[PDB]
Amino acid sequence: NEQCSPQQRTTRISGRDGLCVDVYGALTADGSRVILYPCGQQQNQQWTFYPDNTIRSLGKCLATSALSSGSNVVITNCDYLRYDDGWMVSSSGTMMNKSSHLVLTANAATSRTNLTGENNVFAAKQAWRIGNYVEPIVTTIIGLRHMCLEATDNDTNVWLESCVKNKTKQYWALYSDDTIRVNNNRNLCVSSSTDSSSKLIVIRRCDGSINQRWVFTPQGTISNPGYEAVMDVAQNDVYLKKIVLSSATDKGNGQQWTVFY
């Protein structure tokens, strides 16, 4: 079955604010940097993956340009990586150089931002969707007692309410940077507490932080991989109107979630 070992695949790579990984100006020279750019059909946003762990556009290999952090990620002649192990992509969409452990990062959200190789802190700005389909996925998020996450208090808080199909504030847009955004206000992101004294999950302006990076795991949790914790209904009690971050445990069903799209 040759289908179990496909030889290549061409796709796009989106991330921070739904922007795509793009070789700036389609420049083919070695060391030609890669940027965020609005997603399109151009060949310099087409990325081909191969079983040698390379990722290629315009015939050249995506690569870090330094051992230390903060340097641009670039395309370069693939023969320079002849003996290199290459790129490893985590479950959660972290794209990591296997040798150096630096990860693909977008230090700003705007078009033409240079992408850099940085130390992994599991920030949202280090989360990528490898895939041809780059759009935010509009969904409801169902939790304990079959209730729906709703954006409340003028899109500053979030808690469980009973599902109503029309209800505009029960809809979320899952973005390519692992952010969970308010569907009718895409500058606002579901966020883990920025106050040390609180575990309360809230809604804040998107900033690419660790706090706003969420992973929908196959075990049915909503995981923040930076803080090694998961979304939980406080006290397994939906009427407390509090969703918190907690270490994963099957104490009740407060940590189980469904994406309904």
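Each form is matched to the other, and the largest set of C-alpha atoms that superpose within 1.5 Å is called the rigid core. Counting begins at 1, following the sequence as shown.
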{"property": "Core-fitted comparison in 8 other deposited structures of this protein, 111-119 vs 68-76, farther C-alphas", "result": "111-119"}
{"property": "More shifted region, core-based fit in 8 other deposited structures of this protein, 159-167 vs 101-109 by CA", "result": "101-109"}
{"property": "Per the entry, higher mean C-alpha B factor between 49-57 and 200-208", "result": "49-57"}
{"property": "Higher-scoring stretch by recorded Cα B factor average, 168-176 or 67-75", "result": "67-75"}
{"property": "Options 104, 188, 81, 134 - largest CA temperature factor per the record", "result": "81"}
{"property": "Candidate set 222, 39, 234, 26 [ranked by C-alpha B-factor, highest]", "result": "26"}
{"property": "CA B-factor placement of residue 118, once the chain's modelled residues are sorted into thirds", "result": "highest"}
{"property": "Residue 246 - which third its CA temperature factor falls in, relative to the rest of the chain", "result": "middle"}
{"property": "B-factor third for the C-alpha atom of residue 32 within its chain", "result": "highest"}
{"property": "Cα B factor band for residue 128 (lowest, middle or highest third within the chain)", "result": "lowest"}
{"property": "Modelled-residue ranking by C-alpha temperature factor, third containing residue 93", "result": "middle"}
